[PDB]
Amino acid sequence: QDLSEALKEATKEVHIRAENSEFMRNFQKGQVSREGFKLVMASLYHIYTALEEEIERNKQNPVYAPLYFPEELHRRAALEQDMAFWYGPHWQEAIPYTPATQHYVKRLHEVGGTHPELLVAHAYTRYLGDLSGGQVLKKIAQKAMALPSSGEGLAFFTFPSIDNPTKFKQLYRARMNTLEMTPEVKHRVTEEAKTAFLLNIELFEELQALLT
């Protein structure tokens, strides 16, 4: 069984739980406000910063290299633009760093520094989601908060280097199947992907609690 299929099958149930989390449920209803959106985007800034820092550390490592797509996927630069938009010129010292966010970042550095062979699980969970449900959220966010089609404030959800996300995802899944794979690595990677989904669910549950 190819890794791409193993990952889809391994995370299909927790995905349902994540897509139906209270924060996302409200988001999908269009009940997202500036305060809530700033909280999640600021948390993603910390998360993607840590993820991409570990990706850079392991870009030459064969256990990850085939999936090294900085130009097409990396979000840090986009998030820095969004942070300046939502938080202003001094966003660096204005944005929050919640406990759930720190926990996520913590696991990211553990994987990147000690278990690099599992890094693919974390890139898969965030990036492929960004190119799927993330595109739906972008549309909802634009309508709910009156964000311009010009993209300001939603740079994170925009991939100017990917003409067709559907096609890119297929390329990505295929590339995931070229990584050196053993029963040991395959089992652990699917396990870490489930953990990645849980870290996201816990972030959303936390943010929702902070807002309510």
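Note that residue numbering follows the sequence shown and begins at 1. Rigid core: the largest C-alpha set superposing within 1.5 Å between the two forms.
Taking the root mean square of CA deviations in 9 other deposited structures of this protein after fitting on the rigid core, 20-28 and 195-203 differ, and the farther of the two is 20-28.
Two stretches, 72-80 and 126-134, are weighed by how far their CA atoms sit from the shown form in 9 other deposited structures of this protein after rigid core superposition; the farther one is 126-134. Relative to one another, 148-156 and 50-58 have unequal mean CA B-factors, and 148-156 is the one with the higher figure. Annotation for 90-98 versus 103-111: the higher mean temperature factor (C-alpha) is found in 90-98.
Sorting the modelled residues of the chain by their CA temperature factor places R25 in the highest third.
In the PDB entry, a CA B factor belonging to the lowest third of its chain's modelled residues is recorded for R173. In the PDB entry, a CA B factor belonging to the highest third of its chain's modelled residues is recorded for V32.
The PDB entry assigns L44 a C-alpha temperature factor belonging to the lowest third of its chain's modelled residues.
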